[PDB]
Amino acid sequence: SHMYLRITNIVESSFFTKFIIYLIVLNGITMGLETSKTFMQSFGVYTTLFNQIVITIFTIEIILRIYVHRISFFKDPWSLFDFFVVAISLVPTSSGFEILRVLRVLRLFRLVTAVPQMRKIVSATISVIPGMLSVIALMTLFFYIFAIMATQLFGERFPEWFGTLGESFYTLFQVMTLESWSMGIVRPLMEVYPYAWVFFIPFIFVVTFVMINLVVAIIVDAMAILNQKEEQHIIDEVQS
């Protein structure tokens, strides 16, 4: 169309994306400065104004991008993100609760969706997850079973660490990271339950063994593929 293609050339323009990026880095520096009560005392009204300025400009940009991109926009996770991040930034400050005033900062993550060198890393990193889903499932089932057992064995005398299923989940994650697992948790438990080490040490083994096996399997299964491609390429040349 003609009215359509006018917009589409702006949105798709390098000036557009850059101008957005410069806003982001500008609002980024602003949100770090808003951290200083000294600064907010002096210049606090400027950056509050600079904020919705950026908010609306981002709202407009989001709208245009939807007009240009159509349904392809709501099937693009980076666009979907930019949508919700700017959406969050839109519910009213006063009428809301404080937690939404803080989530405003997530708009700074647009610097990731904008800069393509950044998307690729996030994609690389996230790419390995879908193969781990069954492992994540198993690990969670594991935590679950042990959290139920812990809550029953230790919650009555140790409510802070194990009084509820949720609390026991948390402590077991703590033990998985090994943070103060022994001086902070098991040694105290053992003053009342001498055999507690029979619970947590195997827990520490399974959790540790599994995670390591995950990394070895990721590394070693990848090179098997590299060898598969290499093998066939070399086999082809032999074959002609």
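Numbers follow the displayed sequence, beginning with 1.
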| item | value |
| --- | --- |
| 126 to 134 versus 144 to 152 - which carries the larger mean C-alpha B factor in the record | 126 to 134 |
| Between 215 to 223 and 10 to 18 (mean CA B-factor, as deposited), the higher | 10 to 18 |
| Largest Cα B-factor, entry values, listed residues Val175, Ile201, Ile62, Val192 | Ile62 |
| Relative C-alpha B-factor of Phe84, binned into the chain's lowest, middle or highest third | middle |
| B-factor third for the C-alpha atom of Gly44 within its chain | highest |
| Record-listed C-alpha B factor of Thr113: chain third | middle |
| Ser95 CA temperature factor, ranked by third within the chain | highest |
| Modelled-residue ranking by C-alpha temperature factor, third containing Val186 | lowest |
